[PDB]
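S.K.: Quick one: this structure, given as structure tokens, is what I'll be asking you about.
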Amino acid sequence: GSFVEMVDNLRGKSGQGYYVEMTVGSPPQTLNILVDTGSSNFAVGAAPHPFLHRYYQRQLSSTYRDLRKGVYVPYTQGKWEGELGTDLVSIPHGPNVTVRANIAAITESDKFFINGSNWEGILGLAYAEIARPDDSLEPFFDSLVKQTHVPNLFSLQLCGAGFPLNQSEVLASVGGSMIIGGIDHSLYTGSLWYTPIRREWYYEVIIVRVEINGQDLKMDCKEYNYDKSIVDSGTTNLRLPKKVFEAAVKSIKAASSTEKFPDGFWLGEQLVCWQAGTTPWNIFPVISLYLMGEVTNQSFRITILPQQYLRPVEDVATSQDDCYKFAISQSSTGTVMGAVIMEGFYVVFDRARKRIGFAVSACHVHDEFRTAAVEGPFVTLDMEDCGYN
Ligand SMILES: CC(C)C[C@H](NC(=O)c1cc(C(=O)N[C@H](C)c2ccccc2)cc(N(C)S(C)(=O)=O)c1)[C@@H](O)C[C@@H](C)C(=O)N[C@H](C(=O)NC(C)C)C(C)C
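With the entry's author numbering as the guide, the letters of the sequence shown map in order to residues 45P, 46P, 47P, 48P, 1 to 385.
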């Protein structure tokens, strides 16, 4: 697995989302697109907007096709309306190919475009099933596979920094790698463990057990996937179902009790600060999620450090002071494994073998005493009961 050409093709190391460069139309209009495995719609800005440095101009593409049909897409945070149509797409730092894909020209949007993010579109990599209007709208990756020889899987390495990067730093620095059609062994260390995609709509998985510094949260596993558990590059936080969230924060609060933090912090609202270089990483617990394996009654665990769940935010008063935000939050829509998780590993979306694999990221942030981890197997039974129906 050597796609050294696609290696380092991502951006927004310490920004608002990881994007890849793409081009749409003829002649090629360049646009940075947010990699989002939590949805299935390919959409781009198509009209000027305040937080848009550039956008898709249909009238200038010789290959554009207006489907004369509107589309509406609502996300946990933000939404947009647009006009459906198709055009030719390319990924400069992806496989050398061109495919005709469905494209939503965003005309009306609300709390979607993040000012300064530097991305003008979104690449929904999930399955047709959750695509809008309905599943008849072939998602991008599906078009890519049907129209070429590119293998049916992709890999993601999202690189966090551990420290805040200013405007020009997020621009001139690798944010990670999105390997389309294969795996690059250089992106990870150790072994790759695969968990089954329960059902092909979101990239759904099943969590069988959660630990806070080795201590079992000991709750009925169904709770851990209450509604569902998905993997989403487009979500910042490790989002957890209300009940699981309350329990985790209680345990995290107990593990770090030698220091007190204002309630707002645990809500992810107010940031906590320490003298530059004095962040007490050791007082915070590591967090482990156990996922079902391909082998029956067997499972493995992925473990993250506070360096993954304590996000670096630039302090108002420039003070060298290192500041963070608790990036573990509540969800009424199931567990969401966002960047907090993905930034710790190399994740393989083996759509072809209907599975997702994890391995310690060659770029995850850590200290000299602890590191992210992926280990197995563990003999736990009746794990089918974990799934929500
Ligand atoms: C571009 C997004 C607008 C896409 C959706 N992102 C969200 O909604 C969302 C984005 C961010 C956020 O800051 N991300 C940045 C870019 C980011 C991402 C990664 C690293 C750094 C920064 C935070 C949250 N918070 C909850 S947080 C505070 O992290 O706890 C949520 C999608 O990735 C989510 C996805 C699950 C869905 O909404 N899918 C749709 C869906 O089911 N909709 C139902 C109907 C609500 C789809 C299938 C139709």
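For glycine and all other residues, C-beta sits at the position ideal for the given N, C-alpha and C.
(1) Which word fits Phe159, buried or exposed, when buried means at least 16 other C-beta atoms lie within 10 angstroms of its C-beta?
(2) Using 8 Å as the threshold, is the C-beta distance between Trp277 and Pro302 below it?
(3) Bridge partners of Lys321, per DSSP?
(4) Closer than 8 Å by C-beta to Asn28: which residues in its own chain qualify, once you throw out the five before and the five after it? Chain order, please.
(5) Taking all protein chains shown into account, do 16 or more other C-beta atoms lie within 10 angstroms of the C-beta of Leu377, making it buried, or fewer, making it exposed?
(6) Taking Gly264 as the reference, which of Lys214, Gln271, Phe322 has the closest Cα?
(7) Is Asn5 buried or exposed, if buried means 16 or more other CB atoms sit within 10 Å of its CB?
(8) Going by beta carbon distance, what residues of the same chain come within less than 7 Å of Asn209, once the five residues before and after it are set aside?
(9) Alpha carbon to alpha carbon, how far is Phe150 from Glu134?
(10) Taking just the CA atoms, how far does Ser169 sit from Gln163?
(11) From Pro373 to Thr232, what distance separates their C-alpha atoms?
(12) Is the region 297-317 touching the region 330-348 in the sense that three or more CB pairs, one from each, lie closer than 8 Å?
(13) What residues in its chain sit with their C-beta under 8 Å from that of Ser187, if we drop five residues either side in the sequence?
(14) Looking at the secondary structure, which residues open and close the beta strand (DSSP E) in which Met333 lies?
(15) Excluding the 5 residues preceding and the 5 following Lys238 in the sequence, name in chain order all residues of the same chain whose CB lies nearer than 6 Å to its CB.
(16) Hey, is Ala358 close to ligand 1, as in C-beta under 7 Å from one of its heavy atoms?
(17) Using a Cβ-based criterion (distance less than 7 Å to any ligand heavy atom), does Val332 qualify as near ligand 1?
(18) For the candidate residues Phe38, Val227, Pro70, whose alpha-carbon lies nearest to that of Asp106?
(19) In angstroms, rounded to a whole number, what distance separates the CA positions of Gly177 and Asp223?
(20) Leaving out five residues before and five after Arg128 in sequence, what residues of the same chain have Cβ atoms less than 7 Å from its Cβ?
M.R.: So, from the listed chains and residues:
(1) exposed
(2) yes
(3) Among the bridge pairs identified by DSSP, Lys321 is matched with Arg307.
(4) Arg7, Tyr15, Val16, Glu17, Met18, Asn114, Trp115, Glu116, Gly117
(5) exposed
(6) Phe322
(7) buried
(8) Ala251, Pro281, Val282
(9) 17 Å
(10) 11 Å
(11) 29 Å
(12) yes
(13) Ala355, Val370
(14) 331-333
(15) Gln326
(16) no
(17) yes
(18) Ranked by how close their Cα comes to the Cα of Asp106, the residues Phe38, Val227, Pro70 have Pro70 in first place.
(19) 30 Å
(20) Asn37, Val67, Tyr68, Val69
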